[PDB]
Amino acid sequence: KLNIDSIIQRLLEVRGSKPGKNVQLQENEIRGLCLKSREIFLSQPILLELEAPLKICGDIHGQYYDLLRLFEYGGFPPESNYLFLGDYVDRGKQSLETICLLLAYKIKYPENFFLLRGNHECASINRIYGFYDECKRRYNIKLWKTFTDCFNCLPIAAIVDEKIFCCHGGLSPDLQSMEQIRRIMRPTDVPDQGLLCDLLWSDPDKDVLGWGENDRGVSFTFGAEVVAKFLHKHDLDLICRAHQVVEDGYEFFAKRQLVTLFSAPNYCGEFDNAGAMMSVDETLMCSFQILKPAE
């Protein structure tokens, strides 16, 4: 028996505070969030079919204060519907508060609040880029193992009103049919290559014709005409993805047929980017709410 209203209240209590104020939930409550959310993920499709209106967010990377700024601007659930593109943990100070609030909202509003998998929602990246260390410092390694189990069930892509294709990274040379995404079974780890790896790892690249190599050392880059062909074939208008910090929080590609969204401003204290969020209304009209960098 898990008290979701109390979990949310407590997480939301730091709303006015100076950036970095911790919220201390109980270990069992955090496990509850993982178990209950894992259950919901598995019971909904791996390829979400969603209706507008909704707000779409990119990377947060444990920037909890900034997560609260986003809800402030866009409306706390259920005032607005949300789709997040992944990368909730790692890099930042407060991965735990960040994922916990998102997991709690998933449980509270399971058909109005959505979370896709990013490349950081993966043990191979999590061990090293902060989340494991955070779990160990504040609780134990066992909690990290529980999170891993939850992450392995996250959905992988969403289609908004049959027009906007959303995933964390981008396209795959192996993505020929939407059914291929639907066929992926969960729980699953992220493979080193192939469809699932590309959906979470690939990048658009202006200078690449077709499919090219990725400086990351994982997956590929794809050119503009690849995006154009894909939208044409599958009768879509836009690809929406995250995965790369961008100076203004959002950035267009291939004559506006793809957009990159990144929601953490002042990214990990290393960049001075803005963060953005995309508002999609009922007629599929898209607008951007910017979180400006520190003045």
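One-based numbering along the sequence shown.
Mean CA temperature factor is higher for 28 to 36 when stretches 28 to 36 and 257 to 265 are set side by side in the entry. Stretches compared: 138 to 146, 195 to 203. Higher mean C-alpha B-factor in the entry: 138 to 146.
For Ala276, the recorded CA temperature factor ranks within the middle third of the chain's modelled residues. Among the modelled residues of its chain, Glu179 has a C-alpha B-factor that falls in the middle third according to the deposited record. When the CA B factors of the chain's modelled residues are split into thirds, the value for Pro173 lands in the middle one.
In the PDB entry, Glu51 places in the highest third of its chain by CA B-factor. Among the modelled residues of the chain, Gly223 sits in the lowest third by CA temperature factor in this PDB entry.
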